[PDB]
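**Student:** Structure: my_file_19.pdb, PDB, C-alpha atoms.
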ATOM      1  CA  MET A   1       0.000   0.000   0.000  1.00  0.00           C
ATOM      2  CA  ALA A   2       3.089   2.198  -0.430  1.00  0.00           C
ATOM      3  CA  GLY A   3       6.038   1.651  -2.725  1.00  0.00           C
ATOM      4  CA  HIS A   4       9.198   3.708  -2.965  1.00  0.00           C
ATOM      5  CA  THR A   5      10.595   3.283  -6.449  1.00  0.00           C
ATOM      6  CA  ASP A   6      13.978   4.957  -6.902  1.00  0.00           C
ATOM      7  CA  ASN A   7      15.110   4.554 -10.488  1.00  0.00           C
ATOM      8  CA  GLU A   8      18.334   6.388 -11.205  1.00  0.00           C
ATOM      9  CA  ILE A   9      20.037   6.776 -14.572  1.00  0.00           C
ATOM     10  CA  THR A  10      23.236   8.525 -15.660  1.00  0.00           C
ATOM     11  CA  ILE A  11      23.113  11.226 -18.354  1.00  0.00           C
ATOM     12  CA  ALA A  12      26.104  12.960 -19.963  1.00  0.00           C
ATOM     13  CA  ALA A  13      24.093  16.157 -20.387  1.00  0.00           C
ATOM     14  CA  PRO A  14      25.008  19.383 -18.506  1.00  0.00           C
ATOM     15  CA  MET A  15      22.816  20.478 -15.577  1.00  0.00           C
ATOM     16  CA  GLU A  16      21.674  23.567 -17.491  1.00  0.00           C
ATOM     17  CA  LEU A  17      20.066  21.695 -20.362  1.00  0.00           C
ATOM     18  CA  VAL A  18      18.787  18.912 -18.106  1.00  0.00           C
ATOM     19  CA  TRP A  19      17.034  21.467 -15.904  1.00  0.00           C
ATOM     20  CA  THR A  20      15.685  23.712 -18.667  1.00  0.00           C
ATOM     21  CA  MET A  21      14.528  20.782 -20.833  1.00  0.00           C
ATOM     22  CA  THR A  22      12.557  19.101 -18.063  1.00  0.00           C
ATOM     23  CA  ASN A  23      11.068  22.477 -17.107  1.00  0.00           C
ATOM     24  CA  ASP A  24       9.868  22.961 -20.669  1.00  0.00           C
ATOM     25  CA  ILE A  25       6.785  20.797 -20.345  1.00  0.00           C
ATOM     26  CA  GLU A  26       5.569  21.929 -23.758  1.00  0.00           C
ATOM     27  CA  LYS A  27       8.146  19.696 -25.438  1.00  0.00           C
ATOM     28  CA  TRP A  28       7.264  16.639 -23.348  1.00  0.00           C
ATOM     29  CA  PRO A  29       5.050  15.143 -26.179  1.00  0.00           C
ATOM     30  CA  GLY A  30       8.245  15.085 -28.252  1.00  0.00           C
ATOM     31  CA  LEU A  31       9.899  12.772 -25.741  1.00  0.00           C
ATOM     32  CA  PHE A  32       6.968  11.015 -24.089  1.00  0.00           C
ATOM     33  CA  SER A  33       4.760   8.988 -26.418  1.00  0.00           C
ATOM     34  CA  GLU A  34       2.597   8.101 -23.422  1.00  0.00           C
ATOM     35  CA  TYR A  35       0.814  11.454 -23.545  1.00  0.00           C
ATOM     36  CA  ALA A  36      -0.819  13.533 -26.263  1.00  0.00           C
ATOM     37  CA  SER A  37      -0.846  17.068 -24.870  1.00  0.00           C
ATOM     38  CA  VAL A  38       0.828  18.944 -22.030  1.00  0.00           C
ATOM     39  CA  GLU A  39      -1.172  22.060 -21.239  1.00  0.00           C
ATOM     40  CA  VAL A  40       0.235  24.782 -18.992  1.00  0.00           C
ATOM     41  CA  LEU A  41      -2.637  25.847 -16.744  1.00  0.00           C
ATOM     42  CA  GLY A  42      -0.449  28.256 -14.849  1.00  0.00           C
ATOM     43  CA  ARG A  43       3.061  28.835 -13.608  1.00  0.00           C
ATOM     44  CA  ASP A  44       3.453  29.870  -9.994  1.00  0.00           C
ATOM     45  CA  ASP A  45       7.178  30.559 -10.455  1.00  0.00           C
ATOM     46  CA  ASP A  46       8.472  27.359  -8.858  1.00  0.00           C
ATOM     47  CA  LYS A  47       5.229  25.479  -9.400  1.00  0.00           C
ATOM     48  CA  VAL A  48       4.479  24.700 -13.008  1.00  0.00           C
ATOM     49  CA  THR A  49       0.916  23.418 -12.953  1.00  0.00           C
ATOM     50  CA  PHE A  50      -0.041  21.476 -16.055  1.00  0.00           C
ATOM     51  CA  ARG A  51      -2.755  19.231 -17.416  1.00  0.00           C
ATOM     52  CA  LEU A  52      -1.535  15.889 -18.739  1.00  0.00           C
ATOM     53  CA  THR A  53      -3.843  15.018 -21.598  1.00  0.00           C
ATOM     54  CA  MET A  54      -3.634  11.578 -23.220  1.00  0.00           C
ATOM     55  CA  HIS A  55      -5.117  10.138 -26.388  1.00  0.00           C
ATOM     56  CA  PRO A  56      -8.767   8.947 -26.139  1.00  0.00           C
ATOM     57  CA  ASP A  57      -9.647   5.460 -24.898  1.00  0.00           C
ATOM     58  CA  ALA A  58     -11.543   2.716 -26.738  1.00  0.00           C
ATOM     59  CA  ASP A  59     -14.825   4.581 -26.243  1.00  0.00           C
ATOM     60  CA  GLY A  60     -13.367   7.815 -27.541  1.00  0.00           C
ATOM     61  CA  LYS A  61     -13.031   9.385 -24.111  1.00  0.00           C
ATOM     62  CA  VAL A  62     -10.010  11.636 -23.590  1.00  0.00           C
ATOM     63  CA  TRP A  63      -8.082  11.263 -20.326  1.00  0.00           C
ATOM     64  CA  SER A  64      -6.437  14.169 -18.562  1.00  0.00           C
ATOM     65  CA  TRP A  65      -5.340  15.134 -15.051  1.00  0.00           C
ATOM     66  CA  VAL A  66      -3.778  18.135 -13.310  1.00  0.00           C
ATOM     67  CA  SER A  67      -0.351  17.783 -11.685  1.00  0.00           C
ATOM     68  CA  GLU A  68       1.969  20.231  -9.927  1.00  0.00           C
ATOM     69  CA  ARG A  69       5.639  20.172 -10.852  1.00  0.00           C
ATOM     70  CA  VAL A  70       7.697  22.122  -8.330  1.00  0.00           C
ATOM     71  CA  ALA A  71      11.231  23.175  -9.224  1.00  0.00           C
ATOM     72  CA  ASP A  72      13.450  23.030  -6.136  1.00  0.00           C
ATOM     73  CA  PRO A  73      16.751  24.539  -7.376  1.00  0.00           C
ATOM     74  CA  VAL A  74      18.601  24.358  -4.060  1.00  0.00           C
ATOM     75  CA  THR A  75      18.701  20.568  -3.831  1.00  0.00           C
ATOM     76  CA  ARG A  76      18.466  20.207  -7.627  1.00  0.00           C
ATOM     77  CA  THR A  77      15.134  18.510  -7.025  1.00  0.00           C
ATOM     78  CA  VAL A  78      11.888  18.423  -8.987  1.00  0.00           C
ATOM     79  CA  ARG A  79       8.705  17.567  -7.098  1.00  0.00           C
ATOM     80  CA  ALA A  80       5.862  16.439  -9.352  1.00  0.00           C
ATOM     81  CA  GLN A  81       2.786  15.639  -7.287  1.00  0.00           C
ATOM     82  CA  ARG A  82      -0.472  14.530  -8.894  1.00  0.00           C
ATOM     83  CA  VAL A  83      -3.533  16.474  -7.804  1.00  0.00           C
ATOM     84  CA  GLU A  84      -5.935  14.183  -9.619  1.00  0.00           C
ATOM     85  CA  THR A  85      -5.422  10.480  -8.986  1.00  0.00           C
ATOM     86  CA  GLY A  86      -7.631   7.451  -8.407  1.00  0.00           C
ATOM     87  CA  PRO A  87      -6.016   4.009  -7.811  1.00  0.00           C
ATOM     88  CA  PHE A  88      -2.930   5.799  -6.517  1.00  0.00           C
ATOM     89  CA  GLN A  89      -3.902   7.103  -3.084  1.00  0.00           C
ATOM     90  CA  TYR A  90      -0.617   8.986  -2.923  1.00  0.00           C
ATOM     91  CA  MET A  91       1.861   9.877  -5.672  1.00  0.00           C
ATOM     92  CA  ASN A  92       4.763  12.301  -5.493  1.00  0.00           C
ATOM     93  CA  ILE A  93       7.353  12.006  -8.241  1.00  0.00           C
ATOM     94  CA  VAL A  94      10.693  13.392  -7.115  1.00  0.00           C
ATOM     95  CA  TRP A  95      13.269  13.952  -9.851  1.00  0.00           C
ATOM     96  CA  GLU A  96      16.587  14.588  -8.150  1.00  0.00           C
ATOM     97  CA  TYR A  97      19.502  15.583 -10.350  1.00  0.00           C
ATOM     98  CA  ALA A  98      22.817  14.390  -8.974  1.00  0.00           C
ATOM     99  CA  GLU A  99      25.856  16.080 -10.468  1.00  0.00           C
ATOM    100  CA  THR A 100      28.322  13.223 -10.751  1.00  0.00           C
ATOM    101  CA  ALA A 101      31.742  12.758 -12.389  1.00  0.00           C
ATOM    102  CA  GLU A 102      30.102  10.667 -15.121  1.00  0.00           C
ATOM    103  CA  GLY A 103      27.401  13.245 -15.682  1.00  0.00           C
ATOM    104  CA  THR A 104      24.014  14.290 -14.373  1.00  0.00           C
ATOM    105  CA  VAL A 105      22.438  11.310 -12.637  1.00  0.00           C
ATOM    106  CA  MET A 106      18.670  11.591 -12.885  1.00  0.00           C
ATOM    107  CA  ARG A 107      16.853  10.005  -9.959  1.00  0.00           C
ATOM    108  CA  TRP A 108      13.171   9.208 -10.377  1.00  0.00           C
ATOM    109  CA  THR A 109      11.921   8.741  -6.848  1.00  0.00           C
ATOM    110  CA  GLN A 110       8.283   7.768  -7.238  1.00  0.00           C
ATOM    111  CA  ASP A 111       6.584   7.805  -3.852  1.00  0.00           C
ATOM    112  CA  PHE A 112       3.305   6.086  -4.614  1.00  0.00           C
ATOM    113  CA  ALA A 113       0.746   4.407  -2.406  1.00  0.00           C
ATOM    114  CA  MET A 114      -1.800   2.108  -4.020  1.00  0.00           C
ATOM    115  CA  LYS A 115      -4.839   0.823  -2.170  1.00  0.00           C
ATOM    116  CA  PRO A 116      -8.207   2.095  -3.604  1.00  0.00           C
ATOM    117  CA  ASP A 117      -9.233  -0.830  -5.822  1.00  0.00           C
ATOM    118  CA  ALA A 118      -5.567  -1.702  -6.291  1.00  0.00           C
ATOM    119  CA  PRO A 119      -5.192  -5.230  -7.751  1.00  0.00           C
ATOM    120  CA  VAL A 120      -1.440  -4.948  -7.254  1.00  0.00           C
ATOM    121  CA  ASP A 121       0.655  -5.042  -4.093  1.00  0.00           C
ATOM    122  CA  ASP A 122       2.604  -1.917  -5.128  1.00  0.00           C
ATOM    123  CA  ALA A 123       5.661  -4.144  -5.566  1.00  0.00           C
ATOM    124  CA  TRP A 124       3.998  -5.363  -8.756  1.00  0.00           C
ATOM    125  CA  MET A 125       3.972  -1.772  -9.952  1.00  0.00           C
ATOM    126  CA  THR A 126       7.535  -1.144  -8.788  1.00  0.00           C
ATOM    127  CA  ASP A 127       8.779  -4.203 -10.703  1.00  0.00           C
ATOM    128  CA  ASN A 128       7.069  -3.043 -13.894  1.00  0.00           C
ATOM    129  CA  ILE A 129       8.109   0.549 -13.181  1.00  0.00           C
ATOM    130  CA  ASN A 130      11.766  -0.477 -12.818  1.00  0.00           C
ATOM    131  CA  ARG A 131      11.588  -2.160 -16.213  1.00  0.00           C
ATOM    132  CA  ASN A 132       9.567   0.547 -17.960  1.00  0.00           C
ATOM    133  CA  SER A 133      11.742   3.200 -16.333  1.00  0.00           C
ATOM    134  CA  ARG A 134      14.728   1.703 -18.119  1.00  0.00           C
ATOM    135  CA  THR A 135      12.726   1.939 -21.337  1.00  0.00           C
ATOM    136  CA  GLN A 136      11.323   5.461 -20.938  1.00  0.00           C
ATOM    137  CA  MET A 137      14.172   7.023 -18.947  1.00  0.00           C
ATOM    138  CA  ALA A 138      16.766   5.721 -21.414  1.00  0.00           C
ATOM    139  CA  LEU A 139      14.621   7.007 -24.271  1.00  0.00           C
ATOM    140  CA  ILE A 140      14.604  10.457 -22.672  1.00  0.00           C
ATOM    141  CA  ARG A 141      18.232   9.948 -21.623  1.00  0.00           C
ATOM    142  CA  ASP A 142      19.521   9.645 -25.186  1.00  0.00           C
ATOM    143  CA  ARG A 143      16.941  12.132 -26.468  1.00  0.00           C
ATOM    144  CA  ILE A 144      18.197  14.919 -24.199  1.00  0.00           C
ATOM    145  CA  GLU A 145      21.829  13.798 -24.491  1.00  0.00           C
ATOM    146  CA  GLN A 146      21.502  14.138 -28.261  1.00  0.00           C
ATOM    147  CA  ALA A 147      20.116  17.621 -27.645  1.00  0.00           C
ATOM    148  CA  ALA A 148      23.119  18.471 -25.460  1.00  0.00           C
ATOM    149  CA  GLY A 149      25.309  17.134 -28.239  1.00  0.00           C
ATOM    150  CA  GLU A 150      23.444  19.168 -30.828  1.00  0.00           C
ATOM    151  CA  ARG A 151      23.568  22.338 -28.762  1.00  0.00           C
ATOM    152  CA  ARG A 152      26.910  22.695 -26.993  1.00  0.00           C
ATOM    153  CA  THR A 153      25.310  24.655 -24.133  1.00  0.00           C
ATOM    154  CA  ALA A 154      28.002  26.147 -21.861  1.00  0.00           C
ATOM    155  CA  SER A 155      31.445  24.575 -21.879  1.00  0.00           C
ATOM    156  CA  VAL A 156      34.752  25.192 -20.112  1.00  0.00           C
ATOM    157  CA  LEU A 157      35.576  28.005 -22.504  1.00  0.00           C
ATOM    158  CA  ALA A 158      32.897  30.604 -21.807  1.00  0.00           C
ATOM    159  CA  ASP A 159      34.428  31.229 -18.391  1.00  0.00           C
ATOM    160  CA  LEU A 160      37.906  30.110 -19.470  1.00  0.00           C
ATOM    161  CA  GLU A 161      38.963  33.509 -18.228  1.00  0.00           C
ATOM    162  CA  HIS A 162      37.158  34.610 -15.096  1.00  0.00           C
ATOM    163  CA  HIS A 163      36.029  38.194 -14.733  1.00  0.00           C
ATOM    164  CA  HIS A 164      38.504  39.207 -12.000  1.00  0.00           C
ATOM    165  CA  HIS A 165      35.595  41.076 -10.415  1.00  0.00           C
ATOM    166  CA  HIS A 166      34.330  40.382  -6.914  1.00  0.00           C
ATOM    167  CA  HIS A 167      31.774  43.115  -7.517  1.00  0.00           C
TER     168      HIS A 167
END
Here is a file; write its structure as structure tokens.
**Tutor:**
Amino acid sequence: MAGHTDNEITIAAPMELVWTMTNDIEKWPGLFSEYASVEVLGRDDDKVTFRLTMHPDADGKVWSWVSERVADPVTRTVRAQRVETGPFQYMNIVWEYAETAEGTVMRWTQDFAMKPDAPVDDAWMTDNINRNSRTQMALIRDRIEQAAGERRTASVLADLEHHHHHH
């Protein structure tokens, strides 16, 4: 009735592009095939509140839910909590970015608690999540890494000479 799934994956993309790309929810449909539209309801500075709209079901009914994605710059943490949720009694998706020697390690800490009409013991979800995470996170991993390879971002050359100014 509560599963802590912590799927971490290493990316060779600079923090800047990692942060800005994941904050740009409007380009999510270009990385995530799971959704159809990402609508920005409002941006409360740190809180980017969006509506995740999917493709219609077998009856032609479109599915969508509101979720709050909080950008916590201090700990390099993103907190995406779902406002609307059914089978998942609790769900807070914490994306922590860990600046490591290999690159930016992206940690998907999914704190979810299933119980309301949950046919799974949470562990069932975690197992599938671990597997699918490798699929989706690697997809995004290369996707954004290719973007960081396409656009050089900031390298050790822009500040090759420091400004010699403490003011």
**Student:** Give me the result of the PyMOL selection byres ((chain A and resi 12-17) around 6) on this file, residue by residue, as a tab-separated table (two decimals) with C-alpha atoms, in the coordinates of the input.
**Tutor:**
chain	number	residue	atom	x	y	z
A	11	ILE	CA	23.11	11.23	-18.35
A	18	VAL	CA	18.79	18.91	-18.11
A	19	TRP	CA	17.03	21.47	-15.90
A	20	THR	CA	15.68	23.71	-18.67
A	21	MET	CA	14.53	20.78	-20.83
A	103	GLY	CA	27.40	13.24	-15.68
A	145	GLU	CA	21.83	13.80	-24.49
A	148	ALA	CA	23.12	18.47	-25.46
**Student:** Show me, as lines of an AutoDock Vina configuration file, the centre and edge lengths in Å to one decimal of the axis-aligned box that covers every listed atom of region 17-30 of chain A with 3 Å on each side.
**Tutor:**
center_x = 12.6
center_y = 19.4
center_z = -22.1
size_x = 21.0
size_y = 14.6
size_z = 18.3
**Student:** Return the single residue from A:71, A:138, A:125, A:36 that is closest to residue 56 (chain A), with distances computed using all atoms listed in the file.
**Tutor:**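 Of all the options, A:36 lies closest to residue 56 (chain A).
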**Student:** May I ask which of the residues A:144, A:38, A:129, A:137 is the closest one to residue 3 (chain A), counting only C-alpha atoms?
**Tutor:** A:129
**Student:** With only C-alpha atoms as the atoms that count, which of A:75, A:1, A:23, A:54 lies nearest to residue 117 (chain A)?
**Tutor:**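 Looking at the shortest contact to residue 117 (chain A), the residue is A:1.
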**Student:** Give me, as JSON, numbers by chain, all polymer residues having an atom no more than 12 Å from residue 114 (chain A), counting only C-alpha atoms and skipping those fewer than 5 positions away in the same chain.
**Tutor:** {"A": [1, 2, 3, 4, 85, 86, 87, 88, 89, 90, 91, 119, 120, 121, 122, 123, 124, 125, 126]}
